[PDB]
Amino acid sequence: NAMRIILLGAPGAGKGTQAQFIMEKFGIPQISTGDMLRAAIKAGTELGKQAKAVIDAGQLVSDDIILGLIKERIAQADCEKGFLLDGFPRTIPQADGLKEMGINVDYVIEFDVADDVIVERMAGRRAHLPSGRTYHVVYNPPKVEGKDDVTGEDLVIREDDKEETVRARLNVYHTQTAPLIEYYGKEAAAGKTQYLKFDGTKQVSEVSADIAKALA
């Protein structure tokens, strides 16, 4: 058989831990829309070119450009058993595009972790600006609070990590995602796809469990 999944979840919710689990468990690669495209431009593929031409000129990348990569990405040999789409489609026409290019998804999984949780998580992040080395006050502390483990120089909390900024970020995702939730929730209700929501504050081992249970 084959296995294709779309994956949604909030910026900072840390969904990648389960992408990489799905990866291992089902053996299907990760395709970041942003990485796949970054790769192409730097590799100078036909599509990396075309994109890179649009970019240079400061213009908006056509969707026809994007589905092609994905048509080429899933045309990679590593996708034989399927794949995982991370935070894509981002729009209804992208939902439609996938379909109209022969990509019809088995499961749509949504990793939700309350906004409020995520902000406190971002808030723990520190960094050292001259070297860009990062820290988190819980998940991986410096050996000393406030100080860079390599230069002994003080740490900062990035601005983009702060509530104001993360909160702004969060509202856009929600604002953008809701119709896809709505779109595929509509697909799923009509058995077109299976839509699944997981509590991402349960321990990884736990979430990983339920996830496997569903995908039987």
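Residue positions are given as counts along the sequence shown, with the first one as 1.
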Notebook entry, point to check: Looking at the deposited entry, does 73-81 or 87-95 carry the larger mean Cα B-factor?
Noted result: 73-81
Check: If you average the CA temperature factors over each stretch, which comes out higher, 56-64 or 187-195?
Finding: 187-195
Next item on the list: Could you say which of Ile28, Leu47, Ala43, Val156 has its CA atom at the highest B factor, as listed in the PDB entry?
Entry: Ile28
Check: Of the three thirds of its chain by CA temperature factor, lowest, middle or highest, which one includes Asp149?
Finding: highest
Next item on the list: Sorting the chain's modelled residues by C-alpha B-factor, tell me whether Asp35 ends up in the lowest, middle or highest third.
Entry: lowest
Check: Against its chain's modelled residues, does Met3's Cα B factor rank lowest, middle or highest third?
Finding: highest
Item checked: Record-listed C-alpha B factor of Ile118: chain third -> middle
Next item on the list: Please place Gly102 in the lowest, middle or highest third of its chain by C-alpha B factor as given in the entry.
Entry: highest
